[PDB]
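Participant: Quick one: experimental structure and sequence below.
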Amino acid sequence: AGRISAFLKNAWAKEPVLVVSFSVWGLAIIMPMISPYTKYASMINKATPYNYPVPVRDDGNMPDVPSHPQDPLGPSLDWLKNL
Amino acid sequence: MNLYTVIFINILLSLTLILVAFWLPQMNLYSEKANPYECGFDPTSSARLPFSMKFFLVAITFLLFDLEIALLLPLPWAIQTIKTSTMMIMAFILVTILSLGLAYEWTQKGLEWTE
Amino acid sequence: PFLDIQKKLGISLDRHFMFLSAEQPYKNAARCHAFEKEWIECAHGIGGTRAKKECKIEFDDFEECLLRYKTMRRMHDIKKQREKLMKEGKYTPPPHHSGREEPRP
Amino acid sequence: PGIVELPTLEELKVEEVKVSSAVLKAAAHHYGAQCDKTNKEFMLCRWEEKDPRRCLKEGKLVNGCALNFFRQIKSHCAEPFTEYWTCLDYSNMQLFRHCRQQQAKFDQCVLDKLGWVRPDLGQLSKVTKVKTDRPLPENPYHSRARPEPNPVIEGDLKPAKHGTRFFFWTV
Amino acid sequence: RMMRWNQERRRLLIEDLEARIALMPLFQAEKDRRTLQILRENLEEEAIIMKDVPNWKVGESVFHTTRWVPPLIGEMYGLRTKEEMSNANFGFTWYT
Amino acid sequence: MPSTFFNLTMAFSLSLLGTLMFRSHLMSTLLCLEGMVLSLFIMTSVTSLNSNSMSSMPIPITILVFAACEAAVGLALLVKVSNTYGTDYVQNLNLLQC
Amino acid sequence: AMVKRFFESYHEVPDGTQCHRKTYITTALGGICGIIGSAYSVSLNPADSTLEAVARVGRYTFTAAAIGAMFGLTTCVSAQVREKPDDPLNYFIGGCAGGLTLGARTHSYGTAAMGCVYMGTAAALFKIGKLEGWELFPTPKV
Amino acid sequence: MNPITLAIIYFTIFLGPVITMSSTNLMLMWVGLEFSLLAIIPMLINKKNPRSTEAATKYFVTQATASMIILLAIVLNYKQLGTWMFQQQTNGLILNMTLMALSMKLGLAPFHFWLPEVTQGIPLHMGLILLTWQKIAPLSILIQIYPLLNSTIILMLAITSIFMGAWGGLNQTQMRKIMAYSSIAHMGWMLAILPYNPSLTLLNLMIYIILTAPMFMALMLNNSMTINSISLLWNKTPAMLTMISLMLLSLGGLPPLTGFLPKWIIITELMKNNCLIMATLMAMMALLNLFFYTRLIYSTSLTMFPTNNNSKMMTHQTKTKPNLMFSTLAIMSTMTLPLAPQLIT
Amino acid sequence: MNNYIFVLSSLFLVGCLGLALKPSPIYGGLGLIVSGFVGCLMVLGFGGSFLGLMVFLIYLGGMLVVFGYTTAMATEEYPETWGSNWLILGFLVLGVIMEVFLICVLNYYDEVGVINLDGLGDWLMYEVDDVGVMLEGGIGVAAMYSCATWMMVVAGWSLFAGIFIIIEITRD
Ligand SMILES: CCCCCCCCCCCCO[C@@H]1O[C@H](CO)[C@@H](O[C@H]2O[C@H](CO)[C@@H](O)[C@H](O)[C@H]2O)[C@H](O)[C@H]1O
Ligand SMILES: CCCCCCCCCCCCO[C@@H]1O[C@H](CO)[C@@H](O[C@H]2O[C@H](CO)[C@@H](O)[C@H](O)[C@H]2O)[C@H](O)[C@H]1O
Ligand SMILES: CCCCCCCCCCCCO[C@@H]1O[C@H](CO)[C@@H](O[C@H]2O[C@H](CO)[C@@H](O)[C@H](O)[C@H]2O)[C@H](O)[C@H]1O
Ligand SMILES: CCCCCCCCCCCCO[C@@H]1O[C@H](CO)[C@@H](O[C@H]2O[C@H](CO)[C@@H](O)[C@H](O)[C@H]2O)[C@H](O)[C@H]1O
Ligand SMILES: CCCCCCCCCCCCO[C@@H]1O[C@H](CO)[C@@H](O[C@H]2O[C@H](CO)[C@@H](O)[C@H](O)[C@H]2O)[C@H](O)[C@H]1O
Ligand SMILES: CCCCCCCCCCCCO[C@@H]1O[C@H](CO)[C@@H](O[C@H]2O[C@H](CO)[C@@H](O)[C@H](O)[C@H]2O)[C@H](O)[C@H]1O
Ligand SMILES: CCCCCCCCCCCCO[C@@H]1O[C@H](CO)[C@@H](O[C@H]2O[C@H](CO)[C@@H](O)[C@H](O)[C@H]2O)[C@H](O)[C@H]1O
Ligand SMILES: CCCCCCCCCCCCO[C@@H]1O[C@H](CO)[C@@H](O[C@H]2O[C@H](CO)[C@@H](O)[C@H](O)[C@H]2O)[C@H](O)[C@H]1O
């Protein structure tokens, strides 16, 4: 792979703009796949409450649903507070 | 109402300057003064004859590229989606195909002006 | 569709934004969501010919909700009768219809 | 072609919570923690019943709960609260982040005087369950009975009787 | 630095949107009463204006169904001044 | 809404009448097609807004995207016509009568 | 519209009676066909000037109206004289009279003769269709 | 064209109709028709002469105008009912402009005048695509709304197309113009039956396509553009004389050939619905097609026209065409009437 | 302000009448620019924002290309305006008179049907979610990236194929 290295070196000296464009394009694809923070971007969009959280009627069979907003049940946002 | 008000004032100010410029100065109209300028000699033809466009292909490519950016300008709202992976793939694919289209036209000499 | 490829593959390229009652961004219901939901549900499973006669109530309501022909005419009649009486000097609009209301809250 | 039933003006009289938006926003976090049960009852009525006329009793309890909440602020924490919502009211967007100094003074007051703990980030947006004696509406859309589906034809398949029967073709 | 600042701005937006959530029950109750009172007021004037009109039923629905149908802006402000109607049509969109 | 949609439909009808009643320039006809596109864009957009149908707002944008492709091809064809005859007049485009 | 009703009035009364009204109806129908034909002619085969286009529109319309008048008059007079309301032969005579008119206007015995037979047969079949309940544009049934 | 261009353009030509046939949304159906128009233009004008430029331009302005009218109907229906498909409650005028605009896209008379001119101005293999592949998407839309269509407009379009396809083909010496008038006549039959039995519309479309495809391949074999050119077949490729004659008689609907079946079945179904007068008129004027096909058969296989001296040099050369698709379609378009019950239901 | 949207849709109608008369494409191009601006205002007036600004921006770009093409391939010694030809001018004036007549008569026969001059301004906005946050038209358009990706696939393909198409049409 010494033939390409001379090719890439010449392209860097003579067509640097195109070399940067292709490198940036390749980095943009790669970075979301290897970043540890990629998962949080969807989670942050999911935690933004644009709509009223309509309560549910309590039927006596909801051990997981909080009865008050300061109950220890329901989705916590500690992960975002310390992000 | 406010945006309408200020733009009307902007229109009003511009039109007043035009009226002043046309009615304040002393005039002296005669044919040689009002004939079209061409470096002291008369034109040999109308300026209304066809004027060739050597970049006509770039021009109609610009029409398609201008609808491509129209497809990109919702991106600030689209990044708010829960479906981040879907949005990201759609945006990446959209930009890449537009790049491939530009790359093809570039290698076909479509950006070179005609002679 | 002429070819039911989408149904055969169990995908949805364009089946899911076909009418008002479909899913909206951020759960912002479109106008007449409840009327269109009732009309679509009445018609389901019985075919178009039967639906035309037997879901006629639902379609008329939905049609009124969306195009509002009757609502516009009814208000036109009240406002036209008010114009006649005021010219004859037989009706005086109340203070709250004249811009001097006691605003709530 | 029926008459639309509307409550009388007398039925719609309530004691108004007539304070400005900066006052409401300044108190909004403690208000959400203190009046949750009454507020969640009213919102469950509205989404279940889909009719504001069916929720007037619960709507009036929302107003009374809000006035009892603000009278507790008035009797104990009036000056810390006034300093806070006045600072919050200066901003064109009424942003919390420009008055953290005054918010802390108000928060400390309602904690010592009334024991009120401000909810954490994320807590007010939770879906919660609420208990209600109100029955569940059975047909909230007032929908008619659906037309009956077409009768289905049953049995096993047999060959077409005498084949295709297309003119002179035998099979 | 943009990552950290935008993550902070996302936490601030949630706090602001959660204040709205807490107050929304009160605004809903107020708005229900306001809409119903305006509709009530229209009904009383219709009872006087359409008194001597043949076959007019005061308060008649245009729909077969009996479920609650929210009024249109034209219905709520049809009998009020042109400014109240203009404010409903253009208030937000012409506020800059 | 009622009167606005009437006027928009009339605006489409006029643009179509412009398309159907040629003068000399092919380009003048290509502009009439863009007029019909413009009318249909507003009609679709206003309908989506009036019904609060946010899931239909992609559709008006797709109308403009394909109209741009239609207009680009129309202009590309017009270059060919002008190269042959030195004008864009439609009366020259009559060789296929025989 | 009422314009449709004006054409249903042809069949409101039996043939051989109200021959004046039936002649106006068929004269109007003939004129309309002349206007439609003239529109396609001038659009697709343009005249050398506007006055020739307008002259050709008048020539087609009046000739077509004349054919419709002769058909409507002759059909009713024939049924009145022969006292046969429901005879397709009355319509054949009228269609032949219309076909002869077309030949007289265009100066052609071959069009007169060919016009008489084709228009007579078409008109006679129209009467048979009216009597036997034939539909020109039936809606789908099966 | 280089391979990348061919692949993209041919893929888009294929894609458009597939989108139209698979779409639930009327807007995506319109998008499919848009792909077809855009992708076919560069193929129409590929050879780049004044006639091909004229053909591509006339095709573009007709098709784009019809596309706008179709879009108007879709938008008006969206305004009326808040949906993206035509219903039983769709306003009848909305449906009538859809029918008008689609019939203009198909080249049905009286919206037919463009089609013989465009077919004449383009290569034979492009005429083949124009008259076969490009019919499928507009017809597919119509078949979906067949209960909604107005029988009066359809029959008037149908009888007009059969009449003008017949008289139109009678005056032609150009092969590409004869095929265009043959298209218009057969479209008249397809349309007449659509509101009654859309399955018989598809039966006629299939039989028309497998007749027209091998007829175009036969013209392509020597590039025969005129009657006098095709009349040299006896000297250039005499082996084709049998199949061209039978395909022409099959296109004319003569029994016992496969092409008799579409006319026979459509008449049967039209008369089950009491559409006797139209069916009679349609069948009688379809005989005029058999006249100009017969005159074509007279000049190819039943007489021998004068030949020329240079044609001897052609007899020294070997050919590599037709492909075996010609023989398959040629046989199935002529000799399959015995299998008629398997084709209608 | 109760006549605002009717005035705009009335101006839009005149613009299309001017375009339909087909003067020189220079003035045709100007006619579409003004109609595009008036069309943007109508979308804004109905609560739009993104869609109105898009169509004006797209048509500003589109008519600039048409201006360039007009000066090269669609120009004559004496370009025609609306006033140049008495016949075009008369149909411009007659067309405007027939608009006033058509709106006047339709108002008389129905009064609330297509034309409702008594109720102008009462039936522009029907329902509005008063306390909503996420409601602007850009959010709806952005669903192409998440919920309506098929719409964006076909749009993207047509622009991509358009490049190959116009290169083929234009090569000699
Ligand atoms: C021919 C055209 C070619 C150009 C187009 C190429 C497009 C291909 C894009 C490849 C990159 C996709 O990158 C992908 O990003 C998403 C988020 O967006 C990451 O997804 C990750 O974060 C998301 C939140 O967003 C979590 O919900 C998910 O569980 C996690 O996997 C994937 O781990 C990564 O693989
Ligand atoms: C010159 C000879 C021409 C030969 C062609 C055939 C001629 C016969 C047709 C003319 C007969 C009288 O004219 C015929 O009767 C009247 C006119 O008022 C109408 O009669 C019919 O109208 C409508 C059709 O729209 C029917 O629904 C109605 O039941 C029937 O009365 C027809 O529209 C017209 O065709
Ligand atoms: C019940 C029977 C009633 C019989 C009347 C109805 C039948 C009408 C027949 C119309 C015949 C055509 O009408 C006839 O056309 C010929 C065509 O040569 C024309 O005849 C005249 O002009 C032509 C040329 O224009 C000359 O060649 C000819 O020498 C001269 O006589 C006349 O216009 C008319 O004499
Ligand atoms: C040379 C040109 C002429 C070609 C001749 C064509 C074949 C011969 C035509 C015979 C005419 C058919 O005659 C007609 O047939 C139809 C169909 O059964 C029937 O007519 C009736 O049919 C059904 C009832 O069955 C009714 O709904 C319909 O409205 C009515 O037309 C009558 O029997 C007769 O009115
Ligand atoms: C037709 C259907 C079957 C084929 C399917 C489609 C895939 C085809 C794959 C082979 C295509 C390669 O085709 C190749 O395209 C490139 C486009 O970059 C052209 O090449 C282009 O760029 C290169 C740059 O070095 C130069 O040759 C020149 O600037 C230009 O022509 C080549 O001249 C052509 O040979
Ligand atoms: C229902 C019954 C079905 C009937 C089937 C019809 C059979 C086909 C009829 C069309 C005949 C084909 O036409 C016939 O073609 C053959 C070649 O094949 C020609 O054959 C003759 O001329 C060619 C050259 O032209 C010589 O090479 C050949 O050896 C010689 O026999 C005939 O001169 C021509 O008339
Ligand atoms: C190119 C520009 C075109 C300009 C077009 C014309 C613009 C002017 C519009 C006139 C149309 C009617 O305009 C105006 O409509 C309002 C409703 O909003 C009517 O409203 C008012 O009067 C009518 C009764 O007369 C009642 O509705 C009521 O008393 C009051 O609201 C006005 O009386 C009418 O004058
Ligand atoms: C032959 C050329 C065509 C092949 C190339 C195109 C490949 C397809 C790529 C586009 C894929 C679209 O894929 C489709 O996405 C939509 C959302 O947009 C998903 O839709 C899903 O989520 C939506 C969100 O509102 C729900 O309303 C819907 O009920 C559900 O099915 C479909 O389940 C999925 O099938």
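Facilitator: Happy to help now that I have it. Residues are numbered from 1 along each chain as shown, chains lettered A, B, ... in the order given. Ligands and ions are numbered 1, 2, ... in the order given.
Participant: Could you count how many residues lie near the residue of chain G found nearest ligand 1?
Facilitator: For chain G, the residue closest to ligand 1 is residue G:140, as judged by Cβ to the nearest ligand atom, at 48.8 Å. Any C-beta I mention is one placed from the backbone N, CA and C, and that applies to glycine too. Using other Cβ atoms under 10 Å in any protein chain shown, residue G:140 is surrounded by 16 other residues.
Participant: what about residue A:53, which SS state?
Facilitator: Per DSSP: H, G, I helix; E, B strand; the rest coil, the local secondary structure of residue A:53 is coil.
Participant: check contacts around it.
Facilitator: Residue A:53 makes contacts with D:125-128, E:21, as judged by Cβ atoms under 8 Å, 6 or more residues apart in numbering or on different chains.
Participant: List the ones among these that fall in helices.
Facilitator: Judged by DSSP state H, helices contain the following of the contacts of residue A:53: residue E:21.
Participant: out of the contacts of residue A:53, which touch chain C?
Facilitator: Contacts with chain C are made by none of the contacts of residue A:53, judged by Cβ under 8 Å from any Cβ of the partner chain.
Participant: Mind checking which of the contacts of residue A:53 are buried?
Facilitator: Buried subset of the contacts of residue A:53 (neighbour count, 16 or more other Cβ atoms under 10 Å in any protein chain shown): D:125-126, D:128, E:21.
Participant: returning to that earlier point: now, among the contacts of residue A:53, which is nearest to residue E:9?
Facilitator: Lowest distance from residue E:9 to the contacts of residue A:53 (Cβ to Cβ) belongs to residue D:125, with 17.1 Å.
Participant: on that earlier part again, out of the contacts of residue A:53, flag the one nearest to residue C:48.
Facilitator: Closest to residue C:48 out of the contacts of residue A:53 is residue D:127 (40.0 Å), distances taken as Cβ to Cβ.
Participant: I'd say that closest one and residue A:67 touch.
Facilitator: No. Residue D:127 lies out of contact with residue A:67 (Cβ atoms under 8 Å); the separation is 11.2 Å.
Participant: Check the buried ones among the contacts of residue A:53 and tell me the two furthest apart.
Facilitator: Farthest apart among the buried ones among the contacts of residue A:53 by Cβ to Cβ are D:128 and E:21. That separation is 11.3 Å.
Participant: Check the offset of the biggest helix by length in chain C from the chain's centre.
Facilitator: Determined from DSSP H, the single longest helix within chain C is helix C:69-88. Relative to the centre of its chain, helix C:69-88 is centred 22 Å away, using Cα atoms, centre = their mean, to the nearest Å.
Participant: got it, and stretch F:1-21?
Facilitator: Relative to the centre of its chain, stretch F:1-21 is centred 12 Å away, using Cα atoms, centre = their mean.
Participant: likewise stretch H:160-176?
Facilitator: The chain centre lies 13 Å from the centre of stretch H:160-176; the measure is Cα atoms, centre = their mean.
Participant: same check, this time on stretch G:23-32
Facilitator: Centroid displacement of stretch G:23-32 relative to its chain, using Cα atoms, centre = their mean, is 7 Å.
Participant: Just list the residues touching the closest residue to chain D within chain G, thanks.
Facilitator: Nearest to chain D in chain G, going by Cβ to the nearest Cβ, is residue G:142, at a distance of 15.8 Å. Residues near residue G:142 by Cβ under 8 Å, 6+ apart: H:196, H:272-273.
Participant: Residue I:95 now?
Facilitator: For residue I:95, the contact set (Cβ under 8 Å, 6+ apart) comprises F:14, I:17.
Participant: Mind doing that once more with 10 Å?
Facilitator: Residue I:95 is in contact with F:14, I:13-14, I:16-18, I:20-21, counting by Cβ atoms under 10 Å, 6 or more residues apart in numbering or on different chains.
Participant: which one of those residues has the most neighbours?
Facilitator: Neighbour counts for the contacts of residue I:95, by other Cβ under 10 Å, peak at residue I:16, which reaches 29 neighbours.
Participant: if we can go back for a sec, need the overlap of contacts for residue D:127 and residue A:67.
Facilitator: Common neighbours of residue D:127 and residue A:67 (criterion: Cβ under 10 Å, 6+ apart): A:55, A:74, D:40.
Participant: List just the nearest of the residues you listed to residue E:2.
Facilitator: Of all these, residue E:2 sits closest to residue A:74, with 31.1 Å by Cβ to Cβ.
Participant: what about the closest one, is that helix, strand or coil?
Facilitator: Three-state assignment for residue A:74 (three-state DSSP): coil.
Participant: So what's the residue count around it?
Facilitator: Neighbourhood size, residue A:74 [other Cβ under 10 Å]: 19.
Participant: Could you do residue I:143 as well?
Facilitator: 25.
Participant: doesn't residue I:146 make contact with residue B:78?
Facilitator: Yes. Residue B:78 lies in contact with residue I:146 (Cβ atoms under 10 Å); the separation is 6.7 Å.
Participant: Can you list the buried residues in stretch H:150-170?
Facilitator: Neighbour counts using 16+ other Cβ under 10 Å place H:150-151, H:153-166, H:168-169 of stretch H:150-170 among the buried residues.
Participant: Same question for stretch G:30-44.
Facilitator: Across stretch G:30-44, burial judged by 16+ other Cβ under 10 Å covers G:30-34, G:38, G:41-42.
Participant: Is chain H within reach of it?
Facilitator: Yes. Contact of stretch G:30-44 with chain H (Cβ under 10 Å from any Cβ of the partner chain) involves G:40, G:44.
Participant: gap between that stretch and the chain center?
Facilitator: Relative to the centre of its chain, stretch G:30-44 is centred 15 Å away, using Cα atoms, centre = their mean.
Participant: Output that stretch as CSV, nothing but the C-alphas.
Facilitator: Taking C-alpha atoms only, stretch G:30-44 is exported to CSV below (Å, rounded to 0.1, in the frame of the first residue of the first chain):
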residue,chain,number,x,y,z
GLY,G,30,-78.7,21.4,-34.4
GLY,G,31,-77.3,24.8,-33.7
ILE,G,32,-75.4,23.5,-30.7
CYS,G,33,-73.8,20.7,-32.8
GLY,G,34,-72.9,23.3,-35.3
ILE,G,35,-71.2,25.5,-32.7
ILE,G,36,-69.3,22.5,-31.3
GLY,G,37,-68.1,21.4,-34.7
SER,G,38,-67.2,25.0,-35.7
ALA,G,39,-65.1,25.3,-32.6
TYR,G,40,-63.0,22.3,-33.4
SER,G,41,-62.8,23.3,-37.1
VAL,G,42,-61.4,26.9,-36.4
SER,G,43,-59.2,25.7,-33.6
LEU,G,44,-57.6,22.8,-35.5
